[PDB]
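Enquirer: Residue numbers (the entry's author numbering), protein chains in the order written: chain N, 16 to 53; chain I, 16 to 159; chain J, 16 to 159; chain K, 14 to 159; chain F, 16 to 159; chain E, 16 to 159; chain B, 17 to 53; chain H, 107 to 159; chain HH, 16 to 53; chain G, 54 to 159.
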Amino acid sequence: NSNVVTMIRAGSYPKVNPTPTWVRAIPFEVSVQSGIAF
Amino acid sequence: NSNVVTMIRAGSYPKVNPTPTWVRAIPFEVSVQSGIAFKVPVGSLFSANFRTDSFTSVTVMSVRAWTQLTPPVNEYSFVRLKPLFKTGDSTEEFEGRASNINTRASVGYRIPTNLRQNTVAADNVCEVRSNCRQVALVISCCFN
Amino acid sequence: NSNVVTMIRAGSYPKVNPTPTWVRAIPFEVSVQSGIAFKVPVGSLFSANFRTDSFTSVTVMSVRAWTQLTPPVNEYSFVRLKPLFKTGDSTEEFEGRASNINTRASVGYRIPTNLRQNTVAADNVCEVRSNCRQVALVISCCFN
Amino acid sequence: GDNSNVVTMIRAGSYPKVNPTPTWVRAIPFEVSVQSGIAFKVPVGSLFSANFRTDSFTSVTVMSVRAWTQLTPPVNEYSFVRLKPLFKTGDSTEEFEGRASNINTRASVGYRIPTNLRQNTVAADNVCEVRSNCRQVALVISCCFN
Amino acid sequence: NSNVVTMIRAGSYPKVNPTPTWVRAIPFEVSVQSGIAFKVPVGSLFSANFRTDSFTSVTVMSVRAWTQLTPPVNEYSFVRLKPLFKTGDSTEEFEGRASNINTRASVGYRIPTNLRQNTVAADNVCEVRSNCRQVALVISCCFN
Amino acid sequence: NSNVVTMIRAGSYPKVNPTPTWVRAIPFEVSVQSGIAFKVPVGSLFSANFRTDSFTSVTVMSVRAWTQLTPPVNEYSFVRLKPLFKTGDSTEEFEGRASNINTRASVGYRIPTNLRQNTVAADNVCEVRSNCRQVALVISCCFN
Amino acid sequence: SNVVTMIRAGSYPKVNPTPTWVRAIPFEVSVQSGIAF
Amino acid sequence: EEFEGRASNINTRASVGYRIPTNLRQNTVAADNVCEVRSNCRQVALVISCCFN
Amino acid sequence: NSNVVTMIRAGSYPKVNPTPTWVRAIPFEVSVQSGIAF
Amino acid sequence: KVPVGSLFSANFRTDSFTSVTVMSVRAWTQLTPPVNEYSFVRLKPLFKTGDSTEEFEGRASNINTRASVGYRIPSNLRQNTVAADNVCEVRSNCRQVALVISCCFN
RNA sequence: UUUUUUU
RNA sequence: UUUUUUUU
RNA sequence: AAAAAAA
RNA sequence: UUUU
RNA sequence: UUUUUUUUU
RNA sequence: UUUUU
RNA sequence: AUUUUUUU
RNA sequence: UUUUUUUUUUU
RNA sequence: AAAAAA
RNA sequence: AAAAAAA
RNA sequence: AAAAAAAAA
RNA sequence: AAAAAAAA
RNA sequence: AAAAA
RNA sequence: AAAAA
RNA sequence: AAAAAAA
Ligand SMILES: [Cl-]
Ligand SMILES: [Mg+2]
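Here it is as structure tokens:
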């Protein structure tokens, strides 16, 4: 690996997206009663 | 696969994380003045327009810059980048020029692993010099 | 082959369909206002100019857009696309910019197989944002 | 690819070539009314209709013609159908005929047009002549709309 | 090789033809008006400027088009080609647009073998539509 | 093979040439007298009868000759050829005779590469001698 | 090659007038007895 | 020598360069001249691969 | 090998130099005196 | 008509030659074309044994870009030419044309 | 999987 | 190994 | 991780 | 064979 | 294997 | 393919 | 395998 | 999934 | 890749 | 590779 | 198509 | 391919 | 080893 | 170890 | 290449 910064020979402006998607596993809790579906 | 729902034989409750990390490329523009350097604030990355307003720190991995507007008359666009760090600011001027007056001038730099610490909104990324008055940025970083 | 007509030993009457499907790439332009998002109607795909005035529903596969007019002074062209769905509109701004002021800015997005359902004229494909006053779209879709 | 569940960005390039009104290779099914002992000239205009999504075309290149007897034959007779191809450069004299071996079964026949004789035709033109003892003949024509 | 003239032991008189065929690619320009479709005459191919004033018929194989002049302000160049045949005209509009306002817009089409019959001067090859006032055409044909 | 028109994704405007070269085999006849040599003019190659009235120069490669009429009584047909060049005429009399009185006489010669330059209408290619009153000539040449 | 040659240069390349440079710096320091410097 | 390069597009830069052979790679002090530059543009950018000592 | 002029699909303007270099060996004579170096 | 005497010059170190054997000629438009047009340039090869009628043309697909074309003289037509001769004819909508001629001075 | 220039 | 060459 | 390519 |  | 960042034909 | 020994 | 004879 | 005759380029 | 099972 | 198309 | 996320059930 | 200097 | 897209 | 170069 | 046919 390195120890200092390196120059990147960039080119044309790429395709950008400030708001992409996101695959997640969302953990949250719900309140359930006896014998009734929530 | 199939066309209907299937049963999952799930086991013990897994190790979960409701607020995980996220590596991104954040496009945002800055305004530059003639013959004057502009420090890029890290707080520009944290925004609801980037889905990152929930983060407070970020580890920047690389910076890339483009000239966002046209250069002064008779000139070709140029853009420089001077890296900045809380442990010590750099003096490198990674400069990129355009061979066509109508074409953007681009340049970028990479941060080594040893210099990839976290940065808060009060910190600064780098300095941007250009004969153009606006410079587009695409920073590859890790939000944590 | 031959220079004359040849008999065909046909058998039973086959399975027919006078109105089959059609996989097309439809080119059409829209008008975009500054800083205002334009919703592209699906009805722009059903037209006699495309031979598709006989269809009422279509399954869109990929949408790509090009700036049709020049950008404002001192500016480089850009174009954004926010995919829209009847089961849930999206928030992605697939943006593409031009590195030359005299050159178009282009970008596109692909629709996954799990979201490839039919749409009628009342529906909208996506939003379009740009600094140019017109945008050319080439929508790859399946007419049915 | 085929495993994605959301939208993905396409790094499109320059604006491509386009054609809003391309060609279309089709098989067009339709029927014609025929009388006894007389030959009916099948018009090409029967292909340009909104029922076939082809009312936007004005020319077509026919490749092959297939015919079936659509109605029952006269009593005590078996179904038959004939075809005589027609061309603007010169009509033909062939009689491609097929007879049904069962009174309850259709009679089918067809002919393929050679590549040298595959030019365009307009609605005013005719494809072929149909002869049959039945009153109605169903046709299936393979062609290229342009 | 050889440095001097050598004798050719010729035989019987062969089969000759003083006016042979000639497969050519003919370039020429046509003026086109905005919004109006211009029919390209076959008679433009027969000229002394192309060494073809001795022909009276030709078999066209493929036609390509380029925009000869600059487009209107703010507009990008385009050009359309609708093929034409004596047995029946087509409704195709093979269109090509330029991704740079300073560059030409190009498009073309190929005639299938079954449609490669002779064409005299009175006929027309295709219609051309463009926003530029002149169009350059290159026609690969077989003069006979 | 394809049975309809096919789009051609054309690119930049290419290199063109409305007046190209033409490799040909030009046949004609010349009247010859007895014992006298006939200088064949190059100008006979430039005519509308050969589609060549648009050329002014030509590079001759090889010449062949045949006797066009019947020989005198009791004689066999013969024909001679003497190459001529502007830098210097040759003294070779390439001769071919007929072994049948009813049959033509034939003879030719090939011009070397070093001696293949252009010739205008005012130049001569070779001399012809024969006992018949007419001689048929076929000249392989490169019009330019 | 004993003479100047022509370089077919293309577009303007990325430049940096102030690079990083890796070094091994030699210098001396004064030390006192028992004291850390 | 006058190693020349021309731009095929009016909006594009013109470029050219020359390499010095090892036999002519001596040192040059501040009072010396590297080369002469001619151009129809009022300013030229120079990139000189050199060995400082 | 060809007998006619042929077109050359040229592109961008090349790098040129109207005054190039030249590798030569020059034959020339000098006058020498006895017991003297010239 | 491009003269051959333009090849013999002290600016090219060739003022000591009197003849030259031209091999191939290439041309580029040196100035911008008229308004609304693209650059073009033509070349008609000339020979003392007979001029040719070819018009090798090259057009630009960009108004800002040069046009370019060239031709090669076949070996059989590669003789010497003196200053009073001419190489070829040039036609263009631009007011200057840059020529790069590959030849053999002798 | 080309290699050549000081820590 | 100096200047011109040959199918992206 | 610094000079001139990386095919 | 028609498409982007 | 998929979603976003970087590499390489 | 087309035109040429 | 450049030219002129002889050459299946 | 296998042939007799009217012309017919090329191995 | 549905629903059952050495 | 998907759709339309001939045995 | 770097991480985060169902598993070859 | 290119005159010049070389070269088992 | 020649041509014309 | 046919002719001329 | 074009005319019986064959499962
Ligand atoms: Cl061709
Ligand atoms: Mg161009």
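Note that the Cβ used here is the ideal one computed from N, Cα and C, for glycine as well.
1. Going by DSSP, what residues sit across from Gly123 of chain F in a beta bridge?
2. Tell me which residues pass a beta-carbon proximity test against ligand 1: closer than 6 Å to any heavy atom, given in chain order.
3. For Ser114 of chain I, verify whether its CB is less than 6 Å away from any heavy atom of ligand 2.
4. At a CB-CB cut-off below 9 Å, which residues of chain J make contact with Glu107 of chain K?
5. Does the Cβ of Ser121 of chain G lie closer than 6 Å to at least one heavy atom of ligand 2?
6. Grouping DSSP H, G and I as helix and E and B as strand, with all else coil, what is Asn146 of chain K?
7. Can the beta-carbon of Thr102 of chain F be found closer than 7 Å to that of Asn133 of chain K?
8. Drop a sphere of 10 angstroms on the beta-carbon of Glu107 of chain G, count the other beta-carbons inside from all chains shown, and report buried for 16 or more, exposed for fewer.
9. Would you list the residues whose beta-carbon is nearer than 6 Å to any heavy atom of ligand 2, in the order they occur in the chain?
10. Sort G:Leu96, G:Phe70, G:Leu84, G:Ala63 by Cα distance to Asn133 of chain G and report the nearest one.
11. Look at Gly58 of chain I and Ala136 of chain I and say whether their C-beta atoms are less than 7 Å apart.
12. Using a Cβ-Cβ cut-off of less than 9 Å, list which residues of the region 138-153 of chain J approach chain I; keep chain order.
13. Determine the chain H residues that contact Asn133 of chain G at a beta-carbon separation under 9 Å, and present them in chain order.
14. Where do the ends of the beta strand (DSSP E) carrying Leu152 of chain G lie?
15. Bridge partners of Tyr124 of chain G, per DSSP?
16. Answer with yes or no whether the minimum CB distance from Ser46 of chain N to chain I is below 7 Å.
17. Is it true that the region 36-43 of chain I meets the region 89-104 of chain I, where meeting means three or more beta-carbon pairs spaced less than 8 Å apart?
18. Examine chain N for any beta-carbon lying closer than 7 Å to the beta-carbon of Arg112 of chain J, and answer yes or no.
19. Can you say whether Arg144 of chain E is buried or exposed, counting buried as having 16 or more other CB atoms within 10 angstroms of its CB?
20. Could you round the C-beta distance between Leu84 of chain F and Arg148 of chain F to whole angstroms and report it? I think they count as a contact, below 8 Å.
21. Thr34 of chain B CB to nearest chain N CB: under 7 Å?
22. Name the chain F residues whose beta carbon is nearer than 7 Å to that of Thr118 of chain J?
23. Does DSSP put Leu152 of chain F in a helix, in a strand, or in coil?
24. Any contact between the region 62-76 of chain G and the region 120-127 of chain H? By contact I mean 3 or more CB pairs, one from each, below 8 Å.
25. Would you say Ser121 of chain H lies against chain B (beta-carbon separation less than 7 Å)?
26. Shorter than 7 Å from the beta carbon of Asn115 of chain G to some beta carbon of chain F?
27. Opposite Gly58 of chain I in the DSSP bridges: which residues?
28. Taking 8 Å as the cut-off, does the region 83-101 of chain G touch the region 128-144 of chain G (at least 3 CB pairs, one atom from each stretch)?
29. Out of J:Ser62, J:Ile154, J:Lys54, J:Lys30, which has the shortest C-alpha to C-alpha gap to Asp138 of chain J?
30. Per DSSP, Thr74 of chain I is paired with what?
31. For a quick check, are the C-beta atoms of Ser121 of chain F and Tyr28 of chain K less than 7 Å apart?
32. Please identify, using Cβ separations under 8 Å, the residues of the region 76-91 of chain J that lie next to chain F, in order along the chain.
33. What do you reckon, are the CB atoms on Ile41 of chain E and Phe65 of chain E nearer than 7 Å?
34. Answer yes or no: does any C-beta atom of chain J fall closer than 7 Å to that of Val31 of chain N?
35. Kindly indicate which three-state DSSP category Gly58 of chain G falls into: helix, strand or coil?
Expert: Result, derived from the coordinates:
1. F:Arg79, E:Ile23
2. F:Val38, F:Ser155
3. no
4. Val19, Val20, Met22
5. no
6. coil
7. yes
8. buried
9. F:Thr118, E:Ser27, G:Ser114, G:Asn115, G:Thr118
10. G:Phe70
11. yes
12. none
13. The premise fails here: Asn133 of chain G is roughly 27 Å from chain H at the closest Cβ pair, so nothing lies under 9 Å.
14. 150-158
15. HH:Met22, G:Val78
16. no
17. no
18. yes
19. buried
20. 5 Å
21. no
22. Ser114, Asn115
23. strand
24. no
25. yes
26. yes
27. Answer is none; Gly58 of chain I lacks a bridge partner.
28. yes
29. J:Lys54
30. I:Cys157
31. no
32. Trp81, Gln83, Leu84, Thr85
33. yes
34. yes
35. helix
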